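The next block holds one structure in the form of structure tokens; read it before the comments.
Every number in this text was worked out from the coordinates using simple rules, so none of it is lab data. Cβ: placed from backbone, ideal geometry, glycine included. Neighbour counts: every protein chain shown.
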Amino acid sequence: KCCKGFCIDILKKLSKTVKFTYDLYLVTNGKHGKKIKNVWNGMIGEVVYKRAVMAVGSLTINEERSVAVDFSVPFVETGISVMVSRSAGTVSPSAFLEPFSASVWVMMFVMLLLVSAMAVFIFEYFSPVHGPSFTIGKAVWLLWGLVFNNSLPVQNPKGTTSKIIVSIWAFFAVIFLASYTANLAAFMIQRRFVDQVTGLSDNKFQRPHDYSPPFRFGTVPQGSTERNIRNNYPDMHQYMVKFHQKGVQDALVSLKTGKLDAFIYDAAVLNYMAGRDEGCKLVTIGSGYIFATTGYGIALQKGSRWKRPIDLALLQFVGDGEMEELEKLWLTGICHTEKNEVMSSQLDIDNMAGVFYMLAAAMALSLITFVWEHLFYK
Amino acid sequence: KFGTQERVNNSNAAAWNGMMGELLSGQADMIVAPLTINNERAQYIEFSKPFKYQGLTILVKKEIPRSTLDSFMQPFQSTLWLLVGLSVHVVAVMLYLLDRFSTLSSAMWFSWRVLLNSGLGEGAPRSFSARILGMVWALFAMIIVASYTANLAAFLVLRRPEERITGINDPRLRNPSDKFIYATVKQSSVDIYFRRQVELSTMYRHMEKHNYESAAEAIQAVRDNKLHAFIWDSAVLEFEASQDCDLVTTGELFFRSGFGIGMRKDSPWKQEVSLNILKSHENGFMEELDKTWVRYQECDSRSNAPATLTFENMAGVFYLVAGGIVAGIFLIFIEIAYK
Amino acid sequence: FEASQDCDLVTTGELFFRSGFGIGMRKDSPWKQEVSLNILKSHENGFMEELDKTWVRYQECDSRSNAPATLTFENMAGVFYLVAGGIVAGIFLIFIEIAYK
Amino acid sequence: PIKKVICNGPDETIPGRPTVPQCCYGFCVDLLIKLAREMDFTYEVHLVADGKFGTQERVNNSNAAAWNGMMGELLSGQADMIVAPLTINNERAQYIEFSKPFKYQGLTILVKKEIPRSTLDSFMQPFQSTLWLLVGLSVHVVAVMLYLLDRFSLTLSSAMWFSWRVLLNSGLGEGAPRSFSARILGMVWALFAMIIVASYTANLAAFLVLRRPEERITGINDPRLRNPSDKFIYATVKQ
Amino acid sequence: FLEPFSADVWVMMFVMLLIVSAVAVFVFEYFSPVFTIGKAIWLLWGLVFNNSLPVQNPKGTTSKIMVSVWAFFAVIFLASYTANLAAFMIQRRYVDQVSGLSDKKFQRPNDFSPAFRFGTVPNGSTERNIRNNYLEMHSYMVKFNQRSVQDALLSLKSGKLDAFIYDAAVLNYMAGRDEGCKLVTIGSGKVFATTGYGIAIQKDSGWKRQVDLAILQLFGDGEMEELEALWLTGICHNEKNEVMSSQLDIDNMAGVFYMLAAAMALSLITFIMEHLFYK
Ligand SMILES: *[C@@H]1O[C@H](CO)[C@@H](O[C@@H]2O[C@H](CO)[C@@H](O)[C@H](O)[C@H]2NC(C)=O)[C@H](O)[C@H]1NC(C)=O
Ligand SMILES: C[C@]12N[C@H](Cc3ccccc31)c1ccccc12
Ligand SMILES: N[C@@H](CCC(=O)O)C(=O)O
């Protein structure tokens, strides 16, 4: 059976670097070491039994492995992590253009004040000395309609000055709408669609039972983390045990099918999974900080130290450009995550609801004005 | 194939054969064809100064979708777009409430106008306060339209690209699979690159298992979609890329080479030929010919056009008009009915 | 960290020469075995995250405030100034026009 | 409470004053406190002589060791442990013992903040103002043209309002065309006015483009690494 | 908006009016015992393009409503039209002016009334080649010849010269390694007189074939790509460059403005024609 990968390539580097011939085989009992009762299992067993001198792989580092054996390299950055296919949505329609609000909203109120002066010029023209006096109120309602995308039957103002003043306002309204849509145009960018989950501290993970919706997080059996989970939340570990999967593709498919809500694993591998997704529907948590910090470690007989000697060769290797070549060779991942952007055919119904809440508030306000008339003062 | 030096059956040692071996053999004294120029061949025979400098690219690409039903859909799917329209109608009830303690058809029509800027005539309710909602509902209606337009532009964002073009440095190409049914022409010079490049051994075989006797079949496989990707030198490929545009070339030409006539060694003319083709470059002849044939072919770039797709909803509208006026005879019956 | 505290400074995107931090001791130190086990425990426990999060999290830089209005809207102020100025001339001029006809 | 420790300090910014008592705290100090409590040991902290992390210097007079800055101090035996953001590397590992990494980091580049962009009124000058001046003038001529025939067989103001109705999109509707020929004229000109405003909606569209490509500098791909530009100075920390 | 403007939209708009016109006359006449004119045409016009139309509204129930629906859909199309033009605004090939040199504009500066300018370094293979094939270009360009590539660059960069001509590798590296990305390779930088660097030997007696072998060994090894990235690397990678919010020196809309003027003239003489109908 042939073997591939950057570790394999490192081993090639090591054939030359430490000048040592090697025999390579595959483990049978337990994969990455598993400790049950009196005797440990996995490659670590073959390291303890003297069958294996050094154990190599994606193996994570832990204190217990440390009492028993050692690794002086820490070549890669890996941590527990979750891949969630989620999205980011607009909030408050760019706060109804809140930026305009600091200066723009007040000026709109100020704009109404300009209108009163215009009406004052206009009233004299209208009556040197039926009931057009309703026009000023109508004009404000009327002026306001012309402000937003027309669509006001309103009333026809006659006073000569109003037409010019209206034109000055109309011009403004038009360019307002231009800026409005530019604000809207800018938002298209703001329709950032990045995955929306938190880190390890998130309540969806910490207190899963409370949420009405059914979701579950899980990890692979006999992993180093199981213990971390049991040393973080025992209950969470039990939940993970209930929904256990075994192969990467099990999790993958489950995630693609939605059988699995999200998935935690060594981030390094998960990053690689993003490095190899078909369709790009999976991402890391937030930035991708795993929240568990560790690097791959290689086993050595506790008595054995070629690692101290081995260490020297390894660093320069860190310094050398090839690690990055190996990265580019094997770790290159498709669909680099440029702040992701996307367009929705479902638009936004909750943002729409936000809009509708403002709308509803206005409805309440009109009910209040009804009440004022309902209880109009004598 | 032009041919490559290969194991001769049991003997295992043999001449490149094909076009070249015939040349060594003397069947053809001189070889005129599109032949890339390489050292492995070069020791055996003299080559003229390269005529062209073509580089290998991967000639493939498939259709890129543009939803016909996507733009309006932003409303359709949201479903608060229709419902709120009805609530615009409901605002009429609130207005009646405003009327109390200070026509339905006109109201509904008025509500329809704000979505559509109807400007019918009567205007706002007598109560000034009631009329405030008109400003609000039209406000939001306006906002919605504009917002839609912005989301219409969100569709325009497009910018969803396969982005699998960089094969030499591309992650997908390097780690081949059944999703990477990849080939070349059986016995093609790139095979030497895969051969010599032990780094590409994986790919060498991955490639080999899918190879073709010729370009017509190799281009066809991608066109037939039998094979997802095709690898060949650009000069043959780009012209085809222009020819269909259903297929595309991607990445950066690798392993550049000059084109030079292949002839048996010691040809007392190759030098003159080299001078002659040199002149062809000098006088612009070579250049004139390359434009003359390649120039004829051209395809569109990444420029967006509407293409009369989304217009059908309006076709639907016109169909609805017909339904409308049919209903209209019953609407006028109503006036007649109140006869 | 500096770029997160001083918004007038920014980092180039590429990260190169990946490397990492450690406690340093002489090779024959009797605390070497103990010092790492402790580091590992702190990483797994979350102690390391508390320290990084506690100190690092204090400061962040964002693109908050979008683009609409703000600085772009300042010239709009000029536009607003332009509406008010025009109406006054028309008053007397319009009155004169009315007097004329 | 922010835990602090008294750390002997070296030379201050002011002349001399090499000997001082100072206050130390932060990520590494909290780590030291944890390690000390965990392994049960007492300590005294001081800031490294000559202010450096540590690099060997080959030939200043006789051949020299990796005694530079903070690292050498350790070699002397003055410092029994280094607790700082000390990078683990091959060069140093050959002489001292590093614990498993307490932090994974990579080199990057720090540069000044990027320049900003102009306001909308300023933006208007590139396209909106010239067109507004030229076109506004054009509307009056068009209004005059219809009347010509009408005149032959405040009207001007009304015509302007009708033509302006399109621009502001106010659609005041103060006046209507006098004749069927004018309507054909209106049919002509009205359509043109609609096109003109739709082109203004193209101008509306043009506002969004102000997106800026800006720039970023590659570690190896960029020209600056390729040459330390004389005009473009870059550097790092000594030793 | 050109495809939509081309066929289906206008005919459909006529039909809606026409359906309404039939219904309006019959229905309106139905509504009032005691008409579709130009006003109806304006209505197709009012509903269809962002309002701004003050002439009229039909007095009937079925058609008016149907059109409000039309208008709403039409608005969507209008919005899309804006987006379509926005698509144009999204990116633009700010490379339009190209001197192919097979065009003959370069062949003569004098054909173009303002004086054009291009030059190259003398004592070059380029200059000798030029003199061999194209005399006039040489005899004209002698005035525009420059001392050195840095100085030739000074003539291009600070103004006082439009175009510069030189070796393609140097010009490509220069494009990459440049203070300003405004300078860009001609077209695709696809060069006429396609050539490469040449290595001298004495005569027929020399290293010959063994030496060439080494060269194509380099291509196989792949060292040249690395050396290209290191020494030949270029700034501002040549993606399709774009421009935004550019001075709006319309040219096609200018044409549209002319269409307007012409259409007017037609209607004016149409009125004259009509008038004559009488006599
Ligand atoms: C190319 O360079 C050569 C050598 O520099 C030039 O030859 C000189 O031309 C100058 C003209 O002022 C004479 O004064 C010298 O006697 C020539 N010989 C030298 C200086 O070595 C030549 O002119 C250049 N090509 C041109 C512009 O014709
Ligand atoms: C005129 C206008 N009325 C609506 C929305 C809007 C928003 C901002 C500016 C202008 C417009 C519209 C749709 C399509 C083109 C132009 C517009
Ligand atoms: N990464 C370790 C353990 C998994 C875990 O951390 O849960 C392994 O490969 O087995």
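Structural remarks
- Here is the list for the range A:247-345: trypsin sites (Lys or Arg not before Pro) lying in DSSP coil, each with at most 10 other C-beta atoms within 10 angstrom of its C-beta, are A:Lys339.
- Sorted fewest first by neighbouring Cβ atoms within 10 angstrom, A:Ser116, A:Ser167, C:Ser63, B:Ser147 come out as C:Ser63, A:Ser116, A:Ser167, B:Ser147.
- For the protein assembly as shown, the share of DSSP beta bridges that are antiparallel, to the nearest 5, is 80%.
- FRET efficiency estimate (nearest 0.05) - Cβ-Cβ, A:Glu124 to C:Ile96, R0 25 angstrom: 0.95
- Summed over qualifying helices (DSSP H, 4 residues or more, each -39500 (n - 2.57)) and divided by its residue number, chain B shows a 222 nm mean residue ellipticity of -16000 deg cm²/dmol.
- Convex hull volume of the C-alpha atoms in chain A, normalised per residue: 219 Å³.
- For chain E, calculated [θ]222 nm from helices alone, where every DSSP H run of n ≥ 4 adds -39500 (n - 2.57): -17500 deg cm²/dmol
- Whichever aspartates and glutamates have a C-alpha closer than 13 Å to that of A:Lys4, once near sequence neighbours (fewer than 8 apart) are set aside: B:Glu199
- Residues E:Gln210 and E:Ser139, FRET efficiency given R0 of 56 Å [Cβ-Cβ distance, rounded to 0.05]: 0.80
- DSSP-assigned coil residues among trypsin sites (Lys or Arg not before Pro) in the range C:17-76, each with at most 11 further Cβ atoms within 10 Å: C:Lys27, C:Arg57, C:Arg64
- Distance between the modelled labels on B:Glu63 and A:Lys246, one decimal in nanometres: 4.1 nm (7 Å Cα→Cβ projection).
- In the range B:166-300, the ratio of gyration radius to Kirkwood radius, Rg to Rh, stands at 1.03 when only Cα atoms are counted.
- Using a Förster distance of 41 Å, the FRET efficiency for D:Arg212-B:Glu312 (Cβ separation, nearest 0.05): 0.60
- Reachable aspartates and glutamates from B:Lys265, criterion Cα separation under 16 angstrom, eight or more residues apart if same chain: B:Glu22, B:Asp29, B:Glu40, B:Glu46, E:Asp204, E:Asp212
- Computed on the protein assembly as shown, the Cα convex hull volume stands at 310 Å³ per residue.
- Summed residue charge, Cβ within 13 Å of B:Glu272's Cβ, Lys/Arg positive, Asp/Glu negative: +2
- Per-residue 3J(HN,Hα) values for the range C:82-95, derived from phi via the Karplus relation 6.51 cos²θ - 1.76 cosθ + 1.60 with θ = phi - 60°, read 5, 5, 4, x, x, 4, 4, 4, x, 4, 4, 4, 5, 4 Hz in sequence order (x marks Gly and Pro).
- With contacts taken as Cα pairs under 8 Å at a separation of at least 6 residues, the range B:224-339 carries a relative contact order of 25 percent.
- Against the rule of thumb 2.2 N^0.38 Å, how large the Cα Rg of chain D comes out: 2.16
- Value in Å of the Kirkwood radius, where the range D:55-175 supplies the Cα pairs that are averaged: 22.8 Å
- Other residues lying with their Cβ under 13 Å from the Cβ of B:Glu282 contribute a combined charge of +2, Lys and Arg counting +1, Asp and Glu -1.
- Dipole axis of the range A:208-269 (+1 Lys, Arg; -1 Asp, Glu on Cβ), positive-most option in A:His244, A:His209, A:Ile264: A:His244
- Approximate spin-label separation E:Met259-B:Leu278, in nm, with each point projected 7 Å along Cα-to-Cβ: 5.8 nm
- Charge tally around B:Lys209: other residues with Cβ under 13 Å, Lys/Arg +1 each, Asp/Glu -1 each, net -1.
- Taking the inverse of the mean reciprocal distance over all distinct Cα pairs, the Kirkwood hydrodynamic radius of the range A:330-378 comes to 15.5 Å.
- Antiparallel beta bridges, as assigned by DSSP with both residues in chain D, represent about 75 percent of the total such bridges.
- Spatial offset of the range E:13-80 relative to the range E:179-238 amounts to 69 Å, using the alpha carbon center of each.
- With pairing defined as another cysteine C-beta under 4.7 Å, the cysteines of chain D that fail it are D:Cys23, D:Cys28.
- Per-residue ellipticity at 222 nm, computed for chain A from helices alone with -39500 (n - 2.57) per DSSP H run of at least four residues, works out to -15000 deg cm²/dmol.
- Ranking B:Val88, B:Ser301, B:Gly167 by how far each Cα lies toward the positive end of the dipole of chain B (charges on Cβ) leaves B:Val88 at the top.
- Which of A:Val342, A:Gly354, A:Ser366, positive extreme of dipole for the range A:323-378 (C-beta unit charges): A:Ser366
- Ellipsoid equivalent to chain E - semi-axes via the Cα gyration tensor, in Å: 66, 26, 16
- The distance between label points at E:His237 and A:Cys2 comes to 3.0 nm (points 7 Å beyond Cα on the Cα→Cβ vector).
- For chain B, share of DSSP beta bridges that run antiparallel, in % to the nearest 5: 80 percent
- Pair-distance profile P(r), taking every C-alpha pair of the range A:169-279, with 10 angstrom steps and integer %: 11, 33, 24, 11, 10, 8, 3, 0
- Within chain B, the ratio Rg/Rh, alpha carbon atoms throughout and Rh by Kirkwood, equals 1.30.
- Loop-resident sites, the range A:38-77, for trypsin sites (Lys or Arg not before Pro), counting at most 15 other Cβ within 10 Å (DSSP): A:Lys50, A:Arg51
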